[PDB]
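Structure data (mmCIF, C-alpha atoms) from entry.cif:
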data_target
loop_
_atom_site.group_PDB
_atom_site.id
_atom_site.type_symbol
_atom_site.label_atom_id
_atom_site.label_comp_id
_atom_site.auth_asym_id
_atom_site.auth_seq_id
_atom_site.Cartn_x
_atom_site.Cartn_y
_atom_site.Cartn_z
ATOM 1 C CA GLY A 9 138.581 56.272 97.675
ATOM 2 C CA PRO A 10 137.873 52.599 97.045
ATOM 3 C CA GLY A 11 138.457 51.684 93.417
ATOM 4 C CA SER A 12 141.018 54.421 92.736
ATOM 5 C CA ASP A 13 143.724 51.837 92.013
ATOM 6 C CA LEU A 14 141.465 50.000 89.552
ATOM 7 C CA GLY A 15 140.922 53.306 87.762
ATOM 8 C CA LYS A 16 144.659 53.900 87.533
ATOM 9 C CA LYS A 17 145.114 50.355 86.214
ATOM 10 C CA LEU A 18 142.362 51.044 83.662
ATOM 11 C CA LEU A 19 143.949 54.304 82.530
ATOM 12 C CA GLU A 20 147.241 52.486 81.945
ATOM 13 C CA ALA A 21 145.555 49.584 80.135
ATOM 14 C CA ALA A 22 143.727 51.927 77.766
ATOM 15 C CA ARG A 23 146.869 53.947 77.066
ATOM 16 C CA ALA A 24 148.857 50.749 76.471
ATOM 17 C CA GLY A 25 146.399 48.959 74.175
ATOM 18 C CA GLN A 26 145.726 46.053 76.584
ATOM 19 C CA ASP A 27 142.323 44.981 75.244
ATOM 20 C CA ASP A 28 141.882 42.030 77.605
ATOM 21 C CA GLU A 29 142.998 43.923 80.707
ATOM 22 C CA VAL A 30 140.462 46.673 80.004
ATOM 23 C CA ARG A 31 137.677 44.091 79.820
ATOM 24 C CA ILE A 32 138.782 42.448 83.094
ATOM 25 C CA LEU A 33 138.975 45.792 84.873
ATOM 26 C CA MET A 34 135.536 46.899 83.699
ATOM 27 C CA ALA A 35 134.041 43.567 84.801
ATOM 28 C CA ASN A 36 135.605 44.377 88.205
ATOM 29 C CA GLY A 37 133.849 47.745 88.444
ATOM 30 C CA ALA A 38 136.706 50.039 87.466
ATOM 31 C CA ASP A 39 135.596 53.635 86.958
ATOM 32 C CA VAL A 40 135.344 54.049 83.181
ATOM 33 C CA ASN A 41 135.580 57.833 83.613
ATOM 34 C CA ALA A 42 138.418 58.055 86.116
ATOM 35 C CA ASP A 43 141.009 60.592 84.999
ATOM 36 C CA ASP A 44 144.784 60.745 85.210
ATOM 37 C CA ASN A 45 147.200 63.463 86.309
ATOM 38 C CA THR A 46 146.357 65.757 83.363
ATOM 39 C CA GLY A 47 142.626 64.983 83.257
ATOM 40 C CA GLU A 48 142.756 62.265 80.597
ATOM 41 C CA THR A 49 140.081 59.600 80.877
ATOM 42 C CA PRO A 50 140.654 56.131 79.452
ATOM 43 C CA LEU A 51 138.699 57.218 76.383
ATOM 44 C CA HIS A 52 141.085 60.180 75.981
ATOM 45 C CA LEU A 53 144.109 57.883 76.165
ATOM 46 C CA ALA A 54 142.626 55.214 73.889
ATOM 47 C CA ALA A 55 141.814 57.856 71.260
ATOM 48 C CA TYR A 56 145.228 59.480 71.682
ATOM 49 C CA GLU A 57 146.977 56.138 71.153
ATOM 50 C CA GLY A 58 144.745 55.014 68.270
ATOM 51 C CA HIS A 59 143.305 51.965 70.076
ATOM 52 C CA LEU A 60 140.004 51.515 68.265
ATOM 53 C CA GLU A 61 138.851 48.297 69.938
ATOM 54 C CA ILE A 62 139.353 49.863 73.371
ATOM 55 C CA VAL A 63 137.559 53.076 72.356
ATOM 56 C CA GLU A 64 134.591 50.923 71.401
ATOM 57 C CA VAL A 65 134.647 48.892 74.624
ATOM 58 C CA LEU A 66 134.938 52.042 76.739
ATOM 59 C CA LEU A 67 131.992 53.675 74.972
ATOM 60 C CA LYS A 68 129.781 50.612 75.430
ATOM 61 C CA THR A 69 130.669 50.484 79.148
ATOM 62 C CA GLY A 70 129.761 54.129 79.734
ATOM 63 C CA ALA A 71 132.662 56.438 78.838
ATOM 64 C CA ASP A 72 131.872 60.163 78.758
ATOM 65 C CA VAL A 73 132.327 60.910 75.052
ATOM 66 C CA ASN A 74 132.652 64.653 75.777
ATOM 67 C CA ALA A 75 134.945 64.505 78.803
ATOM 68 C CA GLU A 76 137.505 67.321 78.942
ATOM 69 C CA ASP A 77 141.088 67.055 80.171
ATOM 70 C CA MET A 78 143.136 69.891 81.682
ATOM 71 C CA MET A 79 143.727 71.485 78.253
ATOM 72 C CA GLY A 80 140.048 71.290 77.302
ATOM 73 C CA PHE A 81 140.641 68.478 74.813
ATOM 74 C CA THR A 82 137.936 65.915 74.256
ATOM 75 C CA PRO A 83 138.743 62.458 72.903
ATOM 76 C CA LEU A 84 137.679 63.792 69.497
ATOM 77 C CA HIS A 85 140.361 66.509 69.628
ATOM 78 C CA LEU A 86 143.052 63.910 70.225
ATOM 79 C CA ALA A 87 141.731 61.401 67.689
ATOM 80 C CA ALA A 88 141.573 64.069 64.984
ATOM 81 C CA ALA A 89 145.036 65.454 65.754
ATOM 82 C CA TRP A 90 146.673 62.006 65.611
ATOM 83 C CA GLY A 91 144.992 60.869 62.402
ATOM 84 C CA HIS A 92 142.675 58.126 63.667
ATOM 85 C CA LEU A 93 139.761 58.403 61.270
ATOM 86 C CA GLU A 94 137.777 55.361 62.408
ATOM 87 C CA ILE A 95 137.984 56.557 66.011
ATOM 88 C CA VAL A 96 136.869 60.041 64.924
ATOM 89 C CA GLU A 97 133.837 58.486 63.239
ATOM 90 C CA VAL A 98 132.986 56.161 66.134
ATOM 91 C CA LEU A 99 133.285 59.063 68.575
ATOM 92 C CA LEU A 100 130.960 61.213 66.453
ATOM 93 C CA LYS A 101 128.501 58.336 66.045
ATOM 94 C CA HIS A 102 128.288 58.197 69.864
ATOM 95 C CA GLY A 103 127.554 61.902 70.369
ATOM 96 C CA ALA A 104 130.986 63.528 70.395
ATOM 97 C CA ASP A 105 130.551 67.308 70.253
ATOM 98 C CA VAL A 106 132.017 68.061 66.825
ATOM 99 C CA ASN A 107 132.493 71.746 67.740
ATOM 100 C CA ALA A 108 134.113 71.259 71.150
ATOM 101 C CA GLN A 109 136.506 74.089 72.023
ATOM 102 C CA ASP A 110 139.594 73.504 74.146
ATOM 103 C CA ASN A 111 140.865 76.134 76.589
ATOM 104 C CA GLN A 112 142.403 78.105 73.674
ATOM 105 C CA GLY A 113 139.292 77.963 71.486
ATOM 106 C CA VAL A 114 140.661 75.274 69.165
ATOM 107 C CA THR A 115 138.080 72.889 67.717
ATOM 108 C CA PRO A 116 138.576 69.537 65.981
ATOM 109 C CA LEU A 117 138.122 71.282 62.633
ATOM 110 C CA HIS A 118 140.982 73.674 63.465
ATOM 111 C CA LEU A 119 143.156 70.634 64.165
ATOM 112 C CA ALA A 120 142.188 68.676 61.056
ATOM 113 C CA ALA A 121 142.658 71.836 58.975
ATOM 114 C CA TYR A 122 146.124 72.538 60.386
ATOM 115 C CA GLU A 123 147.373 68.938 60.198
ATOM 116 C CA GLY A 124 146.397 68.872 56.528
ATOM 117 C CA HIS A 125 144.198 65.753 56.292
ATOM 118 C CA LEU A 126 141.461 66.501 53.762
ATOM 119 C CA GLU A 127 139.331 63.462 54.604
ATOM 120 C CA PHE A 128 139.231 64.479 58.267
ATOM 121 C CA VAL A 129 138.043 67.969 57.292
ATOM 122 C CA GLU A 130 135.312 66.491 55.086
ATOM 123 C CA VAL A 131 134.142 64.070 57.788
ATOM 124 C CA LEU A 132 133.921 66.849 60.373
ATOM 125 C CA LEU A 133 132.177 69.214 57.962
ATOM 126 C CA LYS A 134 129.694 66.445 57.173
ATOM 127 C CA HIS A 135 128.875 66.160 60.889
ATOM 128 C CA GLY A 136 128.286 69.891 61.326
ATOM 129 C CA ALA A 137 131.715 71.321 62.169
ATOM 130 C CA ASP A 138 131.663 75.118 62.494
ATOM 131 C CA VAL A 139 133.730 76.737 59.750
ATOM 132 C CA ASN A 140 133.482 80.112 61.532
ATOM 133 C CA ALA A 141 134.883 79.103 64.936
ATOM 134 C CA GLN A 142 137.680 81.402 66.130
ATOM 135 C CA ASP A 143 140.355 80.313 68.605
ATOM 136 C CA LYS A 144 141.988 82.626 71.155
ATOM 137 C CA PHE A 145 143.890 84.395 68.339
ATOM 138 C CA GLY A 146 140.818 85.016 66.171
ATOM 139 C CA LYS A 147 141.941 82.265 63.784
ATOM 140 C CA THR A 148 139.448 80.119 61.894
ATOM 141 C CA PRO A 149 140.224 76.649 60.527
ATOM 142 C CA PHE A 150 140.685 78.360 57.155
ATOM 143 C CA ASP A 151 143.332 80.656 58.638
ATOM 144 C CA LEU A 152 145.198 77.664 60.069
ATOM 145 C CA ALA A 153 145.026 75.733 56.791
ATOM 146 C CA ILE A 154 146.169 78.628 54.604
ATOM 147 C CA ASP A 155 148.911 79.536 57.098
ATOM 148 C CA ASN A 156 150.199 75.940 56.753
ATOM 149 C CA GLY A 157 150.160 75.480 52.970
ATOM 150 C CA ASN A 158 147.057 73.260 53.057
ATOM 151 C CA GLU A 159 145.496 74.982 50.062
ATOM 152 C CA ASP A 160 143.090 72.217 49.047
ATOM 153 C CA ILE A 161 141.588 72.299 52.550
ATOM 154 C CA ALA A 162 141.418 76.096 52.560
ATOM 155 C CA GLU A 163 139.354 75.977 49.368
ATOM 156 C CA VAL A 164 137.035 73.260 50.695
ATOM 157 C CA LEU A 165 136.582 75.348 53.844
ATOM 158 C CA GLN A 166 135.843 78.467 51.785
ATOM 159 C CA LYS A 167 133.098 76.788 49.761
ATOM 160 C CA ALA A 168 131.606 75.419 52.981
ATOM 161 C CA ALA A 169 131.571 78.964 54.383
ATOM 162 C CA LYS A 170 129.066 79.852 51.624
ATOM 163 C CA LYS B 1 155.838 76.039 68.116
ATOM 164 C CA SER B 2 155.184 72.701 66.363
ATOM 165 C CA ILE B 3 154.305 69.511 68.296
ATOM 166 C CA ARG B 4 150.853 67.964 68.026
ATOM 167 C CA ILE B 5 148.506 68.380 70.951
ATOM 168 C CA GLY B 6 148.727 65.835 73.726
ATOM 169 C CA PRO B 7 147.907 65.341 77.400
ATOM 170 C CA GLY B 8 150.314 68.024 78.585
ATOM 171 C CA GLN B 9 150.678 69.976 75.336
ATOM 172 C CA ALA B 10 148.467 72.876 74.247
ATOM 173 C CA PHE B 11 147.972 73.675 70.573
ATOM 174 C CA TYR B 12 149.537 77.107 71.170
ATOM 175 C CA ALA B 13 152.650 76.472 73.250
ATOM 176 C CA UNK B 14 155.293 79.184 72.909
ATOM 177 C CA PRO B 15 157.456 79.493 69.750
#
Do you think you could lay out the structure here as structure tokens?
Amino acid sequence: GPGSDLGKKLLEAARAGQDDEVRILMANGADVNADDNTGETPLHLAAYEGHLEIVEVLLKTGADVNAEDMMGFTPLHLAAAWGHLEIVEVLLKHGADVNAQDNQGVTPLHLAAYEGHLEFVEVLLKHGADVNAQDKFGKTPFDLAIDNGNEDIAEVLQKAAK
Amino acid sequence: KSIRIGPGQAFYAXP
């Protein structure tokens, strides 16, 4: 339909870190929540690529903070997995579902636990992350952490479980 | 397995 090309230009600009182009395209009515071939919205791609300024612009111009792509990822899943703490916090401040499950039952806490970033685990726990969530294999974040040598996280997750 | 999640990459993706 009309505007589809603006949405594709916006998706590219958010993926590529083109701050000014994003602003131009929004001022021209581009669909902030258009999605690409795998269901990524601009907010997904900005969070995936670590583009904090664009994440912020997209949120203020109406991005769906809890949009899901074809794998069930939300922007928060991608920001956690790729170690963008400020984006994780901004996303949560704007209503990101901290316990969002992708199509395999993986939550952001699972991801932070597996990757091994203690501060990400603490942030998510502080915002109500579910220590008891089980993915499609019955694994909790604890299971992922301990299975990946992230002992300090496993212990923090254990104490939270009590 | 391995590989971080991404647009076309599930968390559980084969070996």
Practice item. Check what the PyMOL selection byres ((chain B and resi 15) around 8) selects in the file above and give those residues as a ChimeraX atom specification. Key: /B:1-2,13-14
Using the chain letters and numbers from this file, what does the PyMOL selection byres ((chain A) within 10 of (chain B)) select? Give the answer as a short mmCIF file (atom, residue, chain, number, x, y, z; two decimals) with C-alpha atoms, keeping the file's coordinate frame.
data_model
loop_
_atom_site.label_atom_id
_atom_site.label_comp_id
_atom_site.auth_asym_id
_atom_site.auth_seq_id
_atom_site.Cartn_x
_atom_site.Cartn_y
_atom_site.Cartn_z
CA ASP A 44 144.78 60.74 85.21
CA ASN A 45 147.20 63.46 86.31
CA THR A 46 146.36 65.76 83.36
CA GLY A 47 142.63 64.98 83.26
CA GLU A 48 142.76 62.26 80.60
CA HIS A 52 141.08 60.18 75.98
CA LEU A 53 144.11 57.88 76.17
CA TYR A 56 145.23 59.48 71.68
CA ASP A 77 141.09 67.06 80.17
CA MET A 78 143.14 69.89 81.68
CA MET A 79 143.73 71.48 78.25
CA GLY A 80 140.05 71.29 77.30
CA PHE A 81 140.64 68.48 74.81
CA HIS A 85 140.36 66.51 69.63
CA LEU A 86 143.05 63.91 70.22
CA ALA A 89 145.04 65.45 65.75
CA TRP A 90 146.67 62.01 65.61
CA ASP A 110 139.59 73.50 74.15
CA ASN A 111 140.86 76.13 76.59
CA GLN A 112 142.40 78.10 73.67
CA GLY A 113 139.29 77.96 71.49
CA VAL A 114 140.66 75.27 69.17
CA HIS A 118 140.98 73.67 63.46
CA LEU A 119 143.16 70.63 64.17
CA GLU A 123 147.37 68.94 60.20
CA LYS A 144 141.99 82.63 71.16
CA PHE A 145 143.89 84.40 68.34
#
Revision key, fill the gap. Taken to one decimal, the atom CA of residue A:29-atom CA of residue A:91 distance is 25.0 Å
Under the PyMOL selection byres ((chain A and resi 25) around 9), which residues of this model are included? Write them out as a PDB file with C-alpha atoms, in the coordinates of the input.
ATOM      1  CA  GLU A  20     147.241  52.486  81.945  1.00  0.00           C
ATOM      2  CA  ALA A  21     145.555  49.584  80.135  1.00  0.00           C
ATOM      3  CA  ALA A  22     143.727  51.927  77.766  1.00  0.00           C
ATOM      4  CA  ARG A  23     146.869  53.947  77.066  1.00  0.00           C
ATOM      5  CA  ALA A  24     148.857  50.749  76.471  1.00  0.00           C
ATOM      6  CA  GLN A  26     145.726  46.053  76.584  1.00  0.00           C
ATOM      7  CA  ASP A  27     142.323  44.981  75.244  1.00  0.00           C
ATOM      8  CA  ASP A  28     141.882  42.030  77.605  1.00  0.00           C
ATOM      9  CA  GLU A  29     142.998  43.923  80.707  1.00  0.00           C
ATOM     10  CA  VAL A  30     140.462  46.673  80.004  1.00  0.00           C
ATOM     11  CA  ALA A  54     142.626  55.214  73.889  1.00  0.00           C
ATOM     12  CA  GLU A  57     146.977  56.138  71.153  1.00  0.00           C
ATOM     13  CA  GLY A  58     144.745  55.014  68.270  1.00  0.00           C
ATOM     14  CA  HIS A  59     143.305  51.965  70.076  1.00  0.00           C
ATOM     15  CA  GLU A  61     138.851  48.297  69.938  1.00  0.00           C
ATOM     16  CA  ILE A  62     139.353  49.863  73.371  1.00  0.00           C
TER      17      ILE A  62
END
Review point. Residues at most 10 Å from residue A:73, counting only C-alpha atoms, excluding those fewer than 2 positions away in the same chain, as a PyMOL selection string?
Key: chain A and resi 41+49+51-52+63+66-67+70-71+75-76+82-84+99-100+102-105
Would you kindly identify which residues have an atom no farther than 12 Å from (132.5, 47.5, 89.2), using all atoms listed in the file and the file's own coordinates, and write them out as a PDB file with C-alpha atoms, in the frame of the given file?
ATOM      1  CA  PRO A  10     137.873  52.599  97.045  1.00  0.00           C
ATOM      2  CA  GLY A  11     138.457  51.684  93.417  1.00  0.00           C
ATOM      3  CA  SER A  12     141.018  54.421  92.736  1.00  0.00           C
ATOM      4  CA  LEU A  14     141.465  50.000  89.552  1.00  0.00           C
ATOM      5  CA  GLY A  15     140.922  53.306  87.762  1.00  0.00           C
ATOM      6  CA  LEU A  18     142.362  51.044  83.662  1.00  0.00           C
ATOM      7  CA  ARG A  31     137.677  44.091  79.820  1.00  0.00           C
ATOM      8  CA  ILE A  32     138.782  42.448  83.094  1.00  0.00           C
ATOM      9  CA  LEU A  33     138.975  45.792  84.873  1.00  0.00           C
ATOM     10  CA  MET A  34     135.536  46.899  83.699  1.00  0.00           C
ATOM     11  CA  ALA A  35     134.041  43.567  84.801  1.00  0.00           C
ATOM     12  CA  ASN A  36     135.605  44.377  88.205  1.00  0.00           C
ATOM     13  CA  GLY A  37     133.849  47.745  88.444  1.00  0.00           C
ATOM     14  CA  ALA A  38     136.706  50.039  87.466  1.00  0.00           C
ATOM     15  CA  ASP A  39     135.596  53.635  86.958  1.00  0.00           C
ATOM     16  CA  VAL A  40     135.344  54.049  83.181  1.00  0.00           C
ATOM     17  CA  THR A  69     130.669  50.484  79.148  1.00  0.00           C
ATOM     18  CA  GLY A  70     129.761  54.129  79.734  1.00  0.00           C
TER      19      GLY A  70
END
Point to revise | Length of the atom CA of residue A:43 to atom CA of residue A:117 vector [Å] | key: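 About the pair atom CA of residue A:43 and atom CA of residue A:117: they are 25.0 Å apart.
Atom CA of residue A:93 sits 13.6 Å away from atom CA of residue A:64.
With only C-alpha atoms as the atoms that count, the residue of A:42, A:152, A:137, A:129 with the shortest distance to residue A:107 is A:137.
For the choices A:115, A:19, A:155, A:106, the atom-to-atom distance to residue A:136 is smallest for A:106 when using all atoms listed in the file.
With all atoms listed in the file as the basis for measurement, A:88 is the residue among A:141, A:98, A:88, A:153 that approaches residue A:127 most closely.
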Listed atoms of stretch 139-158 of chain A boxed along x, y and z, 3 Å each side, centre and edge lengths in Å, one decimal, as JSON:
{"center_x": 141.8, "center_y": 79.1, "center_z": 62.1, "size_x": 22.7, "size_y": 17.8, "size_z": 24.2}
Quick one: stretch 1-12 of chain B with N, CA, C and O atoms, as a short mmCIF file (atom, residue, chain, number, x, y, z; two decimals), in the frame of the given file?
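Result written to selection-v8.cif:
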data_model
loop_
_atom_site.label_atom_id
_atom_site.label_comp_id
_atom_site.auth_asym_id
_atom_site.auth_seq_id
_atom_site.Cartn_x
_atom_site.Cartn_y
_atom_site.Cartn_z
N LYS B 1 156.88 77.06 68.01
CA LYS B 1 155.84 76.04 68.12
C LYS B 1 156.19 74.77 67.34
O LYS B 1 157.34 74.56 66.95
N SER B 2 155.16 73.94 67.13
CA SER B 2 155.18 72.70 66.36
C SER B 2 154.30 71.69 67.08
O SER B 2 153.13 71.98 67.35
N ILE B 3 154.85 70.50 67.37
CA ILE B 3 154.30 69.51 68.30
C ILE B 3 152.78 69.42 68.30
O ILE B 3 152.08 70.36 68.70
N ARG B 4 152.27 68.26 67.91
CA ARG B 4 150.85 67.96 68.03
C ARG B 4 150.39 68.12 69.47
O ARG B 4 151.17 68.05 70.42
N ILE B 5 149.08 68.33 69.62
CA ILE B 5 148.51 68.38 70.95
C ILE B 5 148.68 67.02 71.62
O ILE B 5 148.88 65.99 70.97
N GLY B 6 148.60 67.03 72.94
CA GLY B 6 148.73 65.83 73.73
C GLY B 6 148.38 66.15 75.16
O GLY B 6 148.16 67.31 75.52
N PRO B 7 148.32 65.13 76.01
CA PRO B 7 147.91 65.34 77.40
C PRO B 7 148.45 66.61 78.04
O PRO B 7 147.67 67.42 78.57
N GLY B 8 149.76 66.83 77.98
CA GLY B 8 150.31 68.02 78.58
C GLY B 8 150.85 69.01 77.57
O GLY B 8 151.90 69.63 77.80
N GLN B 9 150.16 69.17 76.44
CA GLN B 9 150.68 69.98 75.34
C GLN B 9 149.53 70.73 74.67
O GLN B 9 148.74 70.13 73.94
N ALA B 10 149.45 72.04 74.91
CA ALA B 10 148.47 72.88 74.25
C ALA B 10 148.79 73.03 72.77
O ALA B 10 149.93 72.86 72.33
N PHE B 11 147.77 73.39 71.99
CA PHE B 11 147.97 73.68 70.57
C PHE B 11 148.90 74.87 70.39
O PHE B 11 149.83 74.83 69.57
N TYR B 12 148.67 75.94 71.15
CA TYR B 12 149.54 77.11 71.17
C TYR B 12 150.44 77.01 72.39
O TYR B 12 150.00 77.23 73.52
#
